[PDB]
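Below you'll find the structure, written out as structure tokens, and then a few comments.
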Amino acid sequence: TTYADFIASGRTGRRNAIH
Amino acid sequence: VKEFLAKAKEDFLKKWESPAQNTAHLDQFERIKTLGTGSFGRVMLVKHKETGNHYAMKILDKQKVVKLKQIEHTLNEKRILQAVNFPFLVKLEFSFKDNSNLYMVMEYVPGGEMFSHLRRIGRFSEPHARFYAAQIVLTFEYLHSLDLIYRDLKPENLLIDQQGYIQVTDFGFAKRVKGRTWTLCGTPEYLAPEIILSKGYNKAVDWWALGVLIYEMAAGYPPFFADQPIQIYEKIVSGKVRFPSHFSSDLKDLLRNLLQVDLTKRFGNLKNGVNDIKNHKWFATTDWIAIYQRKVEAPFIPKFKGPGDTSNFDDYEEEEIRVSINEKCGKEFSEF
Ligand SMILES: N[C@H](C(=O)N/N=C/c1ccc(O)c(Br)c1)c1ccccc1
């Protein structure tokens with residue numbers, strides 16, 4: 001599932017801005 | 001509304017042309033706890049000694065701002081923030097600087113970040129997501145009427161107040177611009193294709209970002225995600241969006257119009273402006289004036305177990321706030 005894929009991804013924490 | 005915005009612009013312009021400066025000092029505040037961090041500073045809960053009011057104090061290290069080439073953005077942030085006034089914008093109460101840092105002292109929003117609540121709960125129901133989205137729509141209507149582009153919408157930058165309404169924070173990429181602009185800034189998941197493709201861009205990027213936010217709120221994950229930013233950019237430029245099976249037809253239609261690569265077709269950006277959004281079927285049940293007036297019952301009320309309570313925020317490592325005995329970057333931040 002897409003949800004499982006998101007949860008296992010490295011970007012479920014707070015996301016930094018790019019400068 | 002046209003009337004309301006006209007008066008709002010008059011107020012904004014007076015403050016924009018004559019910014020407030022140096023309206024407090026560090027020793028007037030007692031430091032309580034770190035509420036959040038960023039690349040060149042941190043936000044701390046503080047108590048104002050003379051009133052006992054709690055505030056969120058954003059502290060930016062001048063030298064780190066310079067190294068990251070964010071001087072002008074930081075000057076934008078403060079000049080714009082001190083000039084605006086809207087029910088869903090976090091208010092700046094004071095600002096000042098010392099040898100080492102810049103300080104922006106803002107109203108404290110005890111309910112915590114939308115990001116926290118969204119990740120824990122998983123996703124919001126459509127009515128819940130709609131309630132928050134309406135507030136963003138009005139806020140962007142306000143900002144854009146002042147020629148401001150916001151450029152950093154995400155759940156991490158939205159706070160939930162004691163009444164369950166949203167408060168937008170972080171004006172670090174906000175910019176007053178009439179034409180188009182070119183800075184590559186924002187958060188990967190939220191970037192409009194035209195930013196990624198270096199086309200030069202305008203306020204329509206905020207409306208794309210609203211599409212990402214609504215999708216993320218309702219699905220529990222963003223429309224474009226991957227392990228690395230480069231992979232995210234590839235997905236965005238392709239623009240092929242897939243919606244969960246539980247998204248209503250109305251929601252999908254709205255999202256296809258917000259997550260629209262074609263600027264001649266993206267909602268928010270056309271002849272009818274924001275009205276194409278306000279009058280969309282997904283918002284049919286939304287009372288825009290009642291939302292603005294805060295007379296609508298919020299779908300979710302944060303647990304508040306006292307004043308200055310911080311149970312709605314994550315814990316961060318607490319570091320010493322050191323102020324050098326020498327002035328740093330005085331010339332760069334002269335206007336702050
Ligand atoms: N993106 C971060 C940010 O602006 N946080 N704002 C938090 C905030 C503002 C007002 C509040 O009442 C509350 Br509670 C939280 C940030 C940016 C730069 C450096 C550190 C952190």
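Residue numbering restarts at 1 for every chain of the structure tokens, chains are lettered A, B, ... in their displayed order, and ligands are numbered from 1 as they appear.
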Write out as a PDB file with C-alpha atoms, in the first residue's frame each polymer residue whose atoms come within 8 Å of residue 16 in chain A, counting only C-alpha atoms; drop sequence neighbours fewer than 3 positions from it.
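Saved to part09.pdb:
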ATOM      1  CA  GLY B  38      15.882  24.822  12.129  1.00  0.00           C
ATOM      2  CA  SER B  39      19.074  25.149  10.099  1.00  0.00           C
ATOM      3  CA  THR B 187      10.404  22.049   0.968  1.00  0.00           C
TER       4      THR B 187
END
Item to check | Within 10 Å of ligand 1 (only C-alpha atoms and all ligand atoms), residues as a PyMOL selection string | outcome: (chain A and resi 14-17) or (chain B and resi 34-45+54-61+74+89-92+104-113+152+154+156-161+167-172+310+312-313)
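Using only C-alpha atoms, the chain A residues found within 6 Å of chain B amount to residues 9, 10, 17, 18 and 19 of chain A.
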Next on the checklist: Which residues are close to range 134-144 of chain B, i.e. within 10 Å by only C-alpha atoms, leaving aside same-chain residues fewer than 5 positions away? Reply as a ChimeraX atom specification.
Outcome noted: /B:1,4-5,8-9,84-89,129,149-150,153,158,165-168,174,176-178,203-204,206-207,210,213-214,268,273-275,277-278,283,286-289,291-292,294
Checklist entry - CA of residue 191 in chain B to CA of residue 249 in chain B: how many Å, to one decimal? => result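 Straight-line distance from CA of residue 191 in chain B to CA of residue 249 in chain B works out to 24.6 Å.
One distance worth recording is that between CA of residue 336 in chain B and CA of residue 29 in chain B, which is 19.4 Å.
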Checklist entry - In range 66-149 of chain B, what's strand (DSSP E) per DSSP? Answer as a list in words? => result residues 92, 93, 94, 95, 96, 97, 101, 102, 103, 104, 105, 106, 107, 148 and 149 of chain B
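Once residue 238 in chain B and its same-chain neighbours fewer than 5 positions away are set aside, residues 192, 193, 194, 196, 197, 223, 224, 231, 232, 233, 259, 260 and 261 of chain B remain within 12 Å of it when counting only C-alpha atoms.
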Got time to write the residues from that selection, N, CA and C atoms, as a CSV table (one decimal), in the first residue's frame?
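Final file, result09.csv:
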chain,number,residue,atom,x,y,z
B,192,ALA,N,6.2,23.6,-6.5
B,192,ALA,CA,5.5,23.6,-7.7
B,192,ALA,C,6.6,23.3,-8.8
B,193,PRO,N,6.1,22.7,-9.9
B,193,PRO,CA,7.0,22.3,-11.0
B,193,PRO,C,7.8,23.4,-11.6
B,194,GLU,N,7.2,24.6,-11.7
B,194,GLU,CA,7.9,25.8,-12.2
B,194,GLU,C,9.1,26.2,-11.4
B,196,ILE,N,10.9,24.0,-9.6
B,196,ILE,CA,11.9,23.0,-9.9
B,196,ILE,C,12.6,23.2,-11.3
B,197,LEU,N,11.8,23.6,-12.2
B,197,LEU,CA,12.3,23.8,-13.6
B,197,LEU,C,13.0,25.2,-13.9
B,223,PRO,N,1.4,13.8,-2.0
B,223,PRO,CA,1.1,13.2,-3.4
B,223,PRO,C,2.4,12.8,-4.1
B,224,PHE,N,3.5,13.4,-3.7
B,224,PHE,CA,4.8,13.1,-4.3
B,224,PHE,C,5.9,12.8,-3.2
B,231,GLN,N,14.5,12.4,-6.4
B,231,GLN,CA,13.5,11.5,-6.9
B,231,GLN,C,12.1,12.2,-6.7
B,232,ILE,N,11.9,13.0,-5.6
B,232,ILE,CA,10.7,13.7,-5.5
B,232,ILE,C,10.5,14.7,-6.6
B,233,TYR,N,11.5,15.4,-7.0
B,233,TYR,CA,11.4,16.4,-8.1
B,233,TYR,C,11.0,15.7,-9.4
B,259,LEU,N,-3.2,20.9,-8.2
B,259,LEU,CA,-1.9,20.2,-8.6
B,259,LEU,C,-1.9,20.2,-10.2
B,260,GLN,N,-2.1,21.4,-10.7
B,260,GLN,CA,-2.2,21.5,-12.2
B,260,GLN,C,-0.9,22.1,-12.7
B,261,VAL,N,-0.1,21.4,-13.5
B,261,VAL,CA,1.2,21.9,-14.0
B,261,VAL,C,1.0,23.1,-14.9
Next on the checklist: Just want the 12 Å neighbourhood of residue 50 in chain B, counted on only C-alpha atoms, with same-chain residues fewer than 5 positions away dropped. Output as number ranges by chain.
Outcome noted: B: 24, 27-30
Output the selection as a PDB file, in the first residue's frame - C-alpha atoms for each residue.
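The resulting file, again.pdb, is reproduced below:
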ATOM      1  CA  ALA B  24      12.395  44.468  23.720  1.00  0.00           C
ATOM      2  CA  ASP B  27      16.707  39.821  29.794  1.00  0.00           C
ATOM      3  CA  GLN B  28      12.978  40.617  29.791  1.00  0.00           C
ATOM      4  CA  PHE B  29      12.337  36.959  29.062  1.00  0.00           C
ATOM      5  CA  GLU B  30      12.789  33.786  31.039  1.00  0.00           C
TER       6      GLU B  30
END
Item to check | Gap from CA of residue 97 in chain B to CA of residue 26 in chain B - Å, one decimal | outcome: 8.5 Å
Next on the checklist: Which of range 244-312 of chain B end up as alpha helix (DSSP H) when DSSP is run on this backbone - answer as a PyMOL selection string?
Outcome noted: chain B and resi 249-258+275-278+288-293
Written file, previous selection with C-alpha atoms, as a PDB file, in the first residue's frame:
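What ended up in result-v1.pdb:
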ATOM      1  CA  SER B 249     -14.874  12.744  -6.387  1.00  0.00           C
ATOM      2  CA  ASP B 250     -15.127  16.421  -5.386  1.00  0.00           C
ATOM      3  CA  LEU B 251     -11.800  16.268  -3.526  1.00  0.00           C
ATOM      4  CA  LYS B 252     -10.089  14.653  -6.517  1.00  0.00           C
ATOM      5  CA  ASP B 253     -11.460  17.275  -8.836  1.00  0.00           C
ATOM      6  CA  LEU B 254     -10.227  20.111  -6.631  1.00  0.00           C
ATOM      7  CA  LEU B 255      -6.796  18.521  -6.343  1.00  0.00           C
ATOM      8  CA  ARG B 256      -6.468  17.997 -10.115  1.00  0.00           C
ATOM      9  CA  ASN B 257      -7.101  21.718 -10.469  1.00  0.00           C
ATOM     10  CA  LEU B 258      -4.614  22.743  -7.758  1.00  0.00           C
ATOM     11  CA  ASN B 275     -13.184  32.361  -6.177  1.00  0.00           C
ATOM     12  CA  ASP B 276     -12.612  29.325  -8.375  1.00  0.00           C
ATOM     13  CA  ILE B 277     -11.440  27.706  -5.145  1.00  0.00           C
ATOM     14  CA  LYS B 278     -14.011  29.174  -2.769  1.00  0.00           C
ATOM     15  CA  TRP B 288     -16.276  31.491   4.468  1.00  0.00           C
ATOM     16  CA  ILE B 289     -17.382  34.421   6.607  1.00  0.00           C
ATOM     17  CA  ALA B 290     -18.063  32.186   9.621  1.00  0.00           C
ATOM     18  CA  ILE B 291     -14.604  30.630   9.193  1.00  0.00           C
ATOM     19  CA  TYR B 292     -12.985  34.065   9.152  1.00  0.00           C
ATOM     20  CA  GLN B 293     -15.042  35.056  12.204  1.00  0.00           C
TER      21      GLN B 293
END
Item to check | Close residues, residue 298 in chain B itself excluded, 7 Å, only C-alpha atoms, min 3 positions apart in chain, as an NGL selection string | outcome: :B and (163-165 or 301)
